[PDB]
Structure formats: C-alpha cells, structure tokens
Amino acid sequence: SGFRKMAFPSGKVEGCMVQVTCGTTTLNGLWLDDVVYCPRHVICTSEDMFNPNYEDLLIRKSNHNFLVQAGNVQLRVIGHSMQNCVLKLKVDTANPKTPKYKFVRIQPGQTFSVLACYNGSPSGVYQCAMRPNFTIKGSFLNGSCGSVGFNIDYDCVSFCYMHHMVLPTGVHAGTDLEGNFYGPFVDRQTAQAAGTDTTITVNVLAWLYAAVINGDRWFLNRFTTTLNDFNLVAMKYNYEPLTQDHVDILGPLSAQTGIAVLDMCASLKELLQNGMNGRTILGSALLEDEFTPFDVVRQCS
Amino acid sequence: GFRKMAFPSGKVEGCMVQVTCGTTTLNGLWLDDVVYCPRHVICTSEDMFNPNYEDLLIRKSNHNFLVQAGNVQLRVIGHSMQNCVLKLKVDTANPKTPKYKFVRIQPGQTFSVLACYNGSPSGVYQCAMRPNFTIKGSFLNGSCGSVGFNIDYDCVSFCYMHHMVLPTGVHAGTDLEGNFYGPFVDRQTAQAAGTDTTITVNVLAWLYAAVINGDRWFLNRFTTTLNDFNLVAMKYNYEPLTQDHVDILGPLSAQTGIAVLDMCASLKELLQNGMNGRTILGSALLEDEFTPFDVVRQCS
Ligand SMILES: Cn1cnc(Cn2c(=O)nc(Nc3cc4cn(C)nc4cc3Cl)n(Cc3cc(F)c(F)cc3F)c2=O)n1
Ligand SMILES: Cn1cnc(Cn2c(=O)nc(Nc3cc4cn(C)nc4cc3Cl)n(Cc3cc(F)c(F)cc3F)c2=O)n1
Ligand SMILES: [Cl-]
Ligand SMILES: [Cl-]
Ligand SMILES: [Mg+2]
Ligand SMILES: [Mg+2]
C-alpha cells in the first residue's frame with residue numbers, strides 16, 4: 001500500500017565516501033579496495049577552473065599533493081592516474097567496507113539513487129532518473145562534486161553516476177565511473193546549457209500502472225490504441241516513443257492489473273490532450289516519469 | 001531543484017534484525033544489547049483479530065523469541081513489554097550502534113523511513129506525520145517493525161515504528177516507547193483515521209521556498225492575525241498553525257524579510273481566490289510535505 005519515490009539503502013556506499021583535497025580545492029571521492037575515484041576537477045585552482053589543461057595539470061602533481069581523509073583519518077596516496085574525467089588515486093590501505101560492486105553506464109530513462117555528500121560526509125539520499133537530455137534533476141549544493149549515483153542488485157552495488165557540476169537551469173551534469181560525461185558537457189567552469197528535454201513515456205505508463213494498483217483509476221477508459229498511433233501523439237507532446245521492448249517490459253504490470261499496455265496508452269493519450277481537469281494521480285498534478293517499470297514492480301512486490 | 005531527500009540510511013541499516021515467534025515474523029531494531037519490535041509478533045494467526053497481550057506474553061519465555069541479524073542468531077536473555085513495543089535483551093551489544101535517542105514527533109514533521117522485509121532493508125524514503133496521525137507511506141506485507149528516523153549530525157533520532165495498514169491504505173505506528181500515534185490499537189481490525197487536513201506550516205515553508213527562488217507573484221501587502229488565519233484555515237480543511245510552527249518559520253521569515261503573518265495573508269488570499277491558472281515552483285498544487293527545516297536543509 002502507498003507509493004513513494006524510494007531510493008536504495010545507502011549504507012553500502014556511505015562506507016566508501018571520503019574527502020579529496022588538492023591545494024585549496026576539495027570534493028568527495030569514492031574509496032573502493034585501494035583506489036579512490038573522484039572528479040579530476042579537484043586538481044584545478046581558481047585560475048585553472050575556467051579552461052583547464054588537465055593533462056599538464058596532472059603531470060605537475062605528485063602523490064604528496066593529494067590529501068585523502070576517511071573520517072578523521074588520512075590515507076596515503078601512493079599513485080595517481082587519470083581516466084577521462086575521473087581521477088584515480090591509489091592508497092596504501094584497502095577499504096575494509098568495500099561492497100561487491102561494478103561500474104555501469106546507464107541509459108536515458110533509467111533511475112538510480114544519489115548519495116549527496118559534502119566534504120566526504122553523506123548528507124542525503126534520493127532517487128533520480130537520467131533525463132533524455134542527459135542531465136539529472138538532482139538536489140545538490142556547493143561541495144557536492146564527487147557524489148555518486150548507484151543501484152543495488154541483491155548484494156552488488158552498480159555505480160553509474162559521479163556528480164560534477166550544476167547547469168544554469170538548475171539541473172546537473174556528471175559522468176559514469178569511467179569518466180565519460182553523460183551528454184555534451186565538459187568539466188570546465190563555464191555556463192553550459194542542455195538540449196531540450198523530453199518525457200520518459202515508458203516510465204509514465206509504469207507510474208499509471210502504479211496508480212491503478214493503489215486504487216487510483218479515474219483516468220482509465222474503455223479504449224485501446226495502436227503503438228504507432230500512440231507514438232504519433234506522444235512525439236507531438238515531446239514524449240519519448242514507446243518501443244516494443246517497452247511494451248514487453250511493462251508486461252508484469254499489465255498482467256498484474258489486467259490492463260493491456262495499449263489500453264493504458266489510450267488513457268495517457270487522453271491525459272495529454274485533455275489534461276487532468278483539476279484531478280490528481282497519486283497525489284500529483286503532473287505526470288511522473290522518474291519511475292521505471294522495474295521500480296514499480298520492485299515497490300509493488 | 002527540489003527533491004524529497006531522505007537521510008542516509010546506513011546508521012539504521014546496521015541495526016535492523018528479524019524477530020520471529022513461532023511462524024509470526026517481523027522486523028526489529030537492535031541498539032546496544034536490546035532489540036525493539038512490535039508486540040504483535042507474539043500473536044498467532046487466530047490471535048491477531050483480538051489479542052490478549054498480557055495472556056500471550058505470560059506464556060512466552062526468552063527461548064520462544066528468534067532474533068536474527070542476517071543469518072546470525074542473537075540469543076534472547078530477557079524480555080519486557082512497554083506499551084505496544086516488545087523489548088528483548090540479547091547477549092550481544094550491537095557494535096554498529098550509533099549515537100541515538102528516542103523522540104515522539106509532532107503532527108506535520110517529516111522523517112526518513114527505512115523499509116525492511118525479513119530484517120533486510122529494501123528502500124528509504126521521506127514522509128510526514130499527517131495531522132490525523134497516519135503516514136502516507138509505502139509498505140508491503142512483512143514491513144511491520146520498520147522504523148522512521150531523523151539524523152542530526154551524528155545522532156539518530158528514532159521517531160516511528162511501523163505497525164499496520166489502515167483500510168484507506170495509509171499507515172499507523174508507534175514511537176519507540178510503544179505509544180501509538182493517533183487513536184489506533186494494535187489489532188487486526190479495520191480502523192478508520194480522522195479526516196486528514198493540509199499541513200499549513202509546510203505549505204508556508206514551500207511558499208517561502210518559492211520566494212527564495214524568485215517566485216513571488218502571490219505576495220500581497222496585507223497581514224493578518226494568527227487567530228483570524230487559523231479560523232479561516234479550518235474552513236478550507238487546513239491545519240491550524242501552532243506557536244511551534246510560527247517559531248520554525250522564523251529563519252525563512254528572516255531570510256526573505258517577509259513576516260510570518262504577512263505570508264499567512266498571502267496564503268489566505270490563495271485559498272479564497274485560487275491560483276487563477278498560475279503555478280508556484282512550477283506546480284499547480286501546494287506541497288505540504290516539505291518542512292521549514294527541509295527547505296533550510298536543501299536550500300543552503
Ligand atoms: C551549487 N552546486 C550544485 N552542484 C554543485 C557541484 N559543484 C561543486 O560542488 N563544486 C564545484 N566547483 C568547485 C569549487 C571549489 C572551491 N573549492 C575550494 N573547492 C572546490 C571544488 C569544486 Cl569541484 N562546481 C563547479 C564545477 C565543478 C566541476 F567538477 C566542473 F568540471 C566544472 C564546474 F564548473 C560544482 O558544480 N554546486
Ligand atoms: C500490506 N501492508 C502494508 N503494511 C503492512 C504492515 N503489516 C505487516 O507487515 N504485517 C501485518 N501482520 C502480520 C502478519 C503476519 C504473518 N506472519 C507469518 N507473520 C506476520 C506478522 C505480522 Cl506483523 N500487518 C497487520 C497488522 C500488524 C500489526 F502490527 C497490528 F497491530 C495489526 C495488524 F492488523 C501489517 O499491517 N502490510
Ligand atoms: Cl562553454
Ligand atoms: Cl497575532
Ligand atoms: Mg483504455
Ligand atoms: Mg501578505
């Protein structure tokens with residue numbers, strides 16, 4: 001019963017967060033085995049941040065320039081390297097709290113949990129989605145650089161996001177743990193705009209299934225539509241197209257509710273064209289698109 | 001960007017255990033050498049409708065309780081019942097015990113919930129104690145015993161232990177002293193909650209949030225009395241404002257330079273005139289599950 005924006009328990013990641021400092025620049029890092037991962041922007045001074053020459057800047061550094069702090073303890077850096085936009089610091093002590101983990105690059109529309117950290121201290125946890133324009137609508141303040149996003153599958157932590165910067169519109173940009181940015185952004189202190197965003201249609205449908213499971217059904221109708229006819233209306237409203245794979249992945253929700261996917265699409269089409277008429281769905285006046293079909297199945301089963 | 005942000009759950013994850021009595025199983029909270037859980041665990045299927053807890057507990061011994069941290073058994077060496085919580089003394093002090101206290105939260109306040117099943121944490125989310133002393137949580141069967149909490153630097157304030165779901169789908173529970181929030185009892189019967197109302201103090205915090213972010217079209221040059229506003233609020237199914245609410249709005253009042261009673265008069269006009277097709281923070285609805293501290297917490 002109920003439906004909330006639910007994040008994974010963050011304990012396994014909290015045990016990995018540390019503080020990285022270089023000169024006066026400081027941000028958060030991720031301590032896994034005997035390696036600390038953090039954004040390379042940490043090696044910039046104010047004069048460097050606007051237009052960094054990262055390769056030269058890293059050559060001009062030594063292990064003794066990096067200050068790594070796990071709580072009130074200092075970790076000794078014995079080696080450093082750069083992988084795209086992520087700095088890799090080898091330390092002489094392996095993190096005893098390292099969980100089973102892997103690095104994954106998520107696709108637009110997928111969700112993950114974000115552990116917001118400041119000066120190496122976890123501050124809050126929330127659930128986000130990778131937007132179609134490769135930004136995330138996070139909640140970050142100054143000092144959040146290096147916070148990570150993740151999913152947990154059984155006992156394995158999948159790290160998928162490392163936070164880097166805020167954009168002028170208030171959305172956020174970052175990389176995977178290989179250091180490759182999501183979207184067309186660069187780790188420079190310049191004003192960078194994102195492309196026009198779209199709505200994650202498959203997630204809206206899963207959320208509508210969530211609404212039905214919780215007894216909210218006013219938006220249902222007795223009509224169905226074709227995948228193509230629905231996609232034509234979706235694109236007109238800046239909604240992402242629905243693929244047959246999406247229809248398949250919604251199968252468990254359709255089977256649970258007895259409402260065919262294309263039946264639910266006809267309800268979404270009417271919502272797009274007529275709006276909610278002052279109504280709400282799961283307490284929302286807007287169509288939520290940051291719940292994947294798996295999140296719904298997970299939270300309602 | 002404004003998100004419903006929960007506290008990091010690690011400090012609480014290290015305290016979640018499973019408690020089983022016969023085949024009845026739920027979650028417990030392991031702090032120092034004591035485990036706290038709902039007393040409903042001593043019920044068999046046929047006792048859940050109308051249990052005699054005194055009688056059911058008299059026929060229990062330490063060796064009838066199975067406490068497990070993961071697959072590791074913690075032997076129960078003593079037990080006690082306080083209100084609707086059971087306190088089980090175990091032979092192991094939890095080495096992961098954080099700094100903690102027990103607190104009873106007030107209506108309208110928020111907290112993080114660590115949803116657990118069979119002693120295994122499953123998810124974390126933020127929610128508010130509604131004015132009718134229910135919470136609009138997200139719980140499935142087996143979530144009994146999950147806890148709600150707030151963290152103050154290094155101190156964990158435990159404020160909620162989940163017990164049951166009501167016919168309307170909302171949830172009811174106790175503080176960690178075992179005292180229910182609201183007029184509910186731990187029986188498997190249909191219990192209706194009082195009529196819910198909107199958390200006025202949180203709507204006000206949200207309006208201050210909008211002003212901080214540059215959304216100010218709804219301000220007016222009028223003020224009102226606290227009493228006059230509270231009388232009008234009840235007419236619109238809004239909760240009356242308490243002196244604590246006026247107090248906690250102070251920092252937002254000072255940050256924007258807009259007096260509390262001044263912002264109340266702006267809200268009063270919104271209630272009477274509506275938004276006229278306008279939006280506040282990109283929303284057509286007024287959010288009431290963000291407290292003044294949540295705003296201070298997320299907006300510097
Ligand atoms: C308001 N907000 C929302 N998200 C963020 C994240 N963020 C951040 O936390 N820090 C940044 N710059 C730094 C300044 C520093 C000053 N000192 C002493 N140490 C500092 C360390 C950092 Cl990282 N930035 C800006 C930024 C960070 C990058 F990694 C990047 F590639 C480009 C950028 F413009 C930032 O966005 N703040
Ligand atoms: C769908 N949903 C939403 N929230 C809840 C919470 N919840 C729960 O998890 N369990 C409950 N009853 C039990 C049944 C058991 C069967 N076995 C084998 N072991 C069991 C243990 C419990 Cl606790 N209930 C019902 C319930 C639990 C109480 F603590 C109470 F005082 C009255 C009640 F009606 C429940 O609501 N399920
Ligand atoms: Cl640029
Ligand atoms: Cl007054
Ligand atoms: Mg239909
Ligand atoms: Mg006014």
Side-chain angles (χ1 to χ4, degrees), chain A residues 1-4 205 208-209 212-214 217-226 229-230 254 257-271 299-301, chain B residues 18-28 37-51 53 56 66 83-86 113 115-119 122 134-146 160-174 178 180 184-191 223-231 240-243 245-246 259-262 264-265:
Chain A
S1 54
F3 201 77
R4 286 278 187 182
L205 289 172
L208 294 181
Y209 278 109
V212 169
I213 289 167
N214 276 274
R217 308 170 57 92
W218 62 263
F219 52 86
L220 298 179
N221 62 37
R222 75 170 199 278
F223 303 108
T224 64
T225 180
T226 67
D229 292 337
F230 171 82
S254 65
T257 61
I259 302 175
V261 171
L262 294 181
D263 189 326
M264 188 71 78
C265 288
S267 294
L268 175 53
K269 177 186 301 184
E270 297 298 319
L271 288 174
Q299 178 172 166
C300 301
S301 294
Chain B
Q18 188 173 189
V19 183
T20 304
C21 194
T23 57
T24 308
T25 188
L26 40 60
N27 304 285
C37 71
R39 66 175 180 177
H40 203 64
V41 66
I42 67 179
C43 296
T44 63
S45 299
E46 268 318 73
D47 305 305
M48 286 163 173
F49 167 78
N50 184 47
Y53 286 107
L56 275 46
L66 169 62
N83 303 314
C84 307
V85 290
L86 179 63
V113 167
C116 300
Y117 299 86
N118 300 123
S122 169
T134 67
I135 76 169
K136 294 168 135 67
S138 180
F139 288 120
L140 299 181
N141 262 273
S143 60
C144 197
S146 300
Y160 179 77
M161 173 165 276
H162 181 51
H163 279 61
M164 56 193 189
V165 57
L166 307 187
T168 56
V170 303
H171 307 102
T174 71
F180 257 99
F184 311 112
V185 307
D186 47 352
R187 308 173 49 189
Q188 190 158 50
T189 156
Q191 299 167 50
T223 191
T224 178
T225 292
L226 185 59
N227 183 63
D228 292 337
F229 174 81
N230 280 344
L231 287 172
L241 214 58
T242 70
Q243 186 63 182
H245 295 158
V246 175
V260 172
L261 289 324
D262 189 326
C264 288

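Chain naming here is simple, since letters A, B, ... match the order of the sequence lines and numbering starts at 1 in each. As the structure lists them, so they are numbered: ligands from 1, and atoms in each ligand from 1.
Ranking protein heavy atoms by distance to atom 8 (C) of ligand 2, first place goes to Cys144(B) CB, 3.6 Å. Closest to atom 12 (N) of ligand 2 among all protein heavy atoms lies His40(B) CD2, 4.4 Å. Of all protein heavy atoms, the one lying nearest to atom 20 (C) of ligand 2 is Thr24(B) CG2, 3.6 Å. Protein heavy atom at the shortest distance from atom 19 (N) of ligand 2 is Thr25(B) N, 3.2 Å. Among all protein heavy atoms, the one lying closest to atom 3 (C) of ligand 2 is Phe139(B) O, 3.2 Å. Remark: minimum distance from atom 18 (C) of ligand 2 to any protein heavy atom is reached at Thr23(B) O, 3.1 Å. The protein heavy-atom contact nearest to atom 24 (N) of ligand 2 is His163(B) O, 4.2 Å. The protein non-hydrogen atom at the shortest distance from atom 34 (F) of ligand 2 is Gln188(B) CA, 3.0 Å.
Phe223(A) lies close to the Mg ion (ligand 5), since one of its N, O or S atoms is found at a distance under 2.8 Å. At least one N/O/S atom of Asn221(A), whether from backbone or side chain, sits less than 2.8 Å from the Mg ion (ligand 5).
To the nearest 0.5 Å, atoms OG1 (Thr242(B)) and CG (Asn230(B)) are separated by 9.0 Å. Annotation: the span from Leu226(B) atom CG to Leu231(B) atom CG amounts to 9.5 Å, rounded to 0.5 Å. Remark: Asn83(B) CG to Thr174(B) OG1 distance equals 8.5 Å, nearest 0.5 Å. Rounded to the nearest 0.5 angstrom, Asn214(A) CG and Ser1(A) OG are separated by 7.5 Å. Of the inter-residue distances, the one linking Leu166(B) atom CG with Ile135(B) atom CD1 reads 10.0 Å to the nearest 0.5 angstrom.
Nearest heavy-atom pair, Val41(B) versus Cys21(B), reported as atom, atom and distance to 0.1 Å: O-CB, 3.2 Å. Closest approach of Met164(B) to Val185(B), counting heavy atoms only: CE-O, 3.2 Å.
Closest approach between the Mg ion (ligand 5) and any N/O/S atom of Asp263(A) involves OD1.
Within ligand 2, the atoms closer than 4.0 Å to a non-hydrogen atom of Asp186(B) are 31 (F), numbered from 1 in the order shown. Ligand-side atoms of ligand 2 in range of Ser1(A): 3 (C), range being under 4.0 angstrom from any heavy atom.
Comparing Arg187(B), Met48(B), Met161(B), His171(B) against atom 14 (C) of ligand 2, the shortest heavy-atom distance belongs to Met48(B).
For the pair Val165(B) and ligand 2, the shortest N or O to N or O distance falls below 3.5 Å. Between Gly142(B) and ligand 2, a contact under 3.5 Å exists for at least one N or O pair.
Between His162(B) and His171(B), the distance from one ring center to the other falls under 6.0 angstrom. Side-chain rings of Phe180(B) and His163(B) approach one another, their centers coming within less than 6.0 Å.
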Side chains of residues 260-270 of chain A: which donor-acceptor pairs under 3.5 Å do they make with residues two or more places apart or in other chains?
{"from": "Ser267(A)", "atom 1": "OG", "to": "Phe219(A)", "atom 2": "O", "distance (Å)": "3.1"}
{"from": "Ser267(A)", "atom 1": "OG", "to": "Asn221(A)", "atom 2": "N", "distance (Å)": "3.4"}
{"from": "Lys269(A)", "atom 1": "NZ", "to": "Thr225(A)", "atom 2": "OG1", "distance (Å)": "3.0"}

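Under 4.0 Å from ligand 2, heavy atoms of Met164(B) appear from its side chain as well as its backbone. Proximity of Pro38(B) to ligand 2, defined as any heavy-atom pair under 4.0 Å, is not found for any part of the residue. Both the backbone and the side chain of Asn141(B) come within contact range of ligand 2, each with a heavy atom under 4.0 Å. Neither the backbone nor the side chain of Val41(B) has any atom closer than 4.0 Å to an atom of ligand 2 (non-hydrogen atoms only).
Looking only at distances, a side-chain donor or acceptor of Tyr209(A) sits under 3.5 Å from a matching main-chain atom of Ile259(A). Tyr160(B) places a side-chain N or O within donor-acceptor distance of the main-chain N or O of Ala172(B), the cut-off being under 3.5 Å.
Side-chain atoms of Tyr53(B) and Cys43(B), non-hydrogen and from C-beta on, do get closer than 4.5 Å to each other.
There is a protein heavy atom closer than 4.0 angstrom to atom 28 (C) of ligand 2.
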